[PDB]
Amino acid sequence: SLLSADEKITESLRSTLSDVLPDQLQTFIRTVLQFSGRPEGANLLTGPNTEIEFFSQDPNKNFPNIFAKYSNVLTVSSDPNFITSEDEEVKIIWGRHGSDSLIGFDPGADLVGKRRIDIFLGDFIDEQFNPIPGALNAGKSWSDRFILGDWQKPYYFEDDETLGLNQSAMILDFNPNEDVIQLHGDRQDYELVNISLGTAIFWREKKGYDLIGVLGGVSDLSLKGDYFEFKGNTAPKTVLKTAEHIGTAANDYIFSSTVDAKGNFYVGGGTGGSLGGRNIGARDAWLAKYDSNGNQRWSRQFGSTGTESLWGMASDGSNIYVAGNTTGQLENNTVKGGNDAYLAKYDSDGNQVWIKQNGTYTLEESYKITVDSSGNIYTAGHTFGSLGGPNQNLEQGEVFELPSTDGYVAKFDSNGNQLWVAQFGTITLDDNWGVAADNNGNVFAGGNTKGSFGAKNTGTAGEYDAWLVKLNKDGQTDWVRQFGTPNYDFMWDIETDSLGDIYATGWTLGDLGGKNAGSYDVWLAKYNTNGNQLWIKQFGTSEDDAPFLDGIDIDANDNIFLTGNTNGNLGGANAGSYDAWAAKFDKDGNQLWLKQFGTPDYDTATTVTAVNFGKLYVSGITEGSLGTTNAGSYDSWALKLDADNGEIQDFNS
């Protein structure tokens, strides 16, 4: 019976949210929701007003730590939720700019009896909080997809005698003119109920009801509207049987790849399941080795009862170095506070040689790693603390500046001893999205900044620019460069060629290398070792085109390979949703080929690795059945390509 559903839903959500979220965070959320004109959820948070300790050195009070613990803050890009992990009862999933594919509930996790509320914000963009109007993206929004179920099962589904209020999504900014709510089954499986908060979405069967999601501030919807997408009960038909398929019932992601000197191919990333070994808790890191004929030699899974991923991997020719973040305590390590970075070493046989966890009392992220020809290892990332030196934004003065990241690069020897750590940036956000060593002892770093780091930012409202830093063998800066348009420009990865020149790839919403074809476009930029910009190429379709994550590699012939996603017809006719794409360039920026592949469902490449004089590997993630039938939610895939023309080969030979 749906009698008194409004009172039952309000009391249940209020009870759970106010029990789980720290008072500091409730105070922050209530203030933001009131300011933004999305007040519906505020009355669900009944904790007392509490000082928000933006700069506390206590890891348990430091607000960046608290906010990160209960949130997935995504990027200015059109994002899949590449950071989702089943590590908390309540999670705020914030898509920001771009057309985001938002998921928070892993259908493959053991969540029986667990309270689970995912609070979704599809856009809710930074510009709302600008005191001065007129910003390029003020008032702009995108079509976000809120994933509340798939072909396999409804999400947040307790399937018991109650109204199923213990698990539910709450979407705070659903716009039926633009956004989509994805649901299991068909429209006859649901019933919409107008409530004080907005709309309740109930799964309905003979035995009763189960609350799937609440839409704050929207009423009078219809299950016949095109803003609901129903996925039925049957896994997608398989395409691309030539690909290697990696998947469990949980969310599985490849985020990176590399090759050793014998031509063995490695992939790795994060999984909510038991992929390389028995799941330790929430998301774990994992990696796998394949011989050059496509046979898997081993898979390994490691981490903690908290959340970690492999975000980068590189080889010294024999060993495999891996890097990422963790929210827990790794084996043979101590926590520094909040989330930390780590670097680990695996030998060719899959033995974990060591793992080094490093960081500060506050939030570190690390997405990148490189290995030089001497066998030294460099990680890179960003920190809210004072890792390589004092953070540019240390404490609150008379003028409040929101806590913010600086970039860092850390150098290690082959035994994991830290040789140095360099930290740099501006008073505002500076994130790292790239690290690459040359042959002469130097190392480059690259990323995004809201500030004026290597040049005056021309954005009127702190839109991102790209930055590049060259460090010497001792970690001292030789130069800082910055490039961009007045709009957002976002870098994903960098790499050097055999001459020591540095290349970066990203997306732009403006005219960076040329006239923007529409929406996001791809760019590739080249700088010389002395900091001079040589060229920027920009290309795309009228739709959304971008590299993603480990988006560049450079082979021994100085061919450049790029990869990412597109929802246009970039390398061919789009198969549906986003597809993966890859491209090859020469060292002068001439485009040699451009290919597109994927399923009718959401796909993106996440990594590209070229074998010298051998195959090209493009790997990524999918909601479709790529290689074989999807086992649950996100699965992963690797494609073996002819590097001369981008044509897909059978993975196994």
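One-based numbering along the sequence shown.
A summary of the deposited B-factors shows that, of 151 to 159 and 485 to 493, the stretch with the larger mean C-alpha value is 151 to 159.
Averaged over their C-alpha atoms, the temperature factors of 610 to 618 and 22 to 30 are higher for 22 to 30. Remark: of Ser519, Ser78, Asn440, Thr248, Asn440 shows the highest value [criterion: C-alpha B-factor in the PDB entry]. Taking only the listed residues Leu570, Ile320, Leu240, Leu221, the entry reports the highest CA temperature factor at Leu221.
When the CA B factors of the chain's modelled residues are split into thirds, the value for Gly576 lands in the middle one. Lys206: CA B factor lies in the highest third for its chain, per the PDB record. Ranked within its chain, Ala109 lands in the highest third, by CA B factor from the PDB record. The entry lists a Cα temperature factor for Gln591 that places it in the middle third of the chain's modelled residues. Among the modelled residues of its chain, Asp58 has a C-alpha B-factor that falls in the highest third according to the deposited record.
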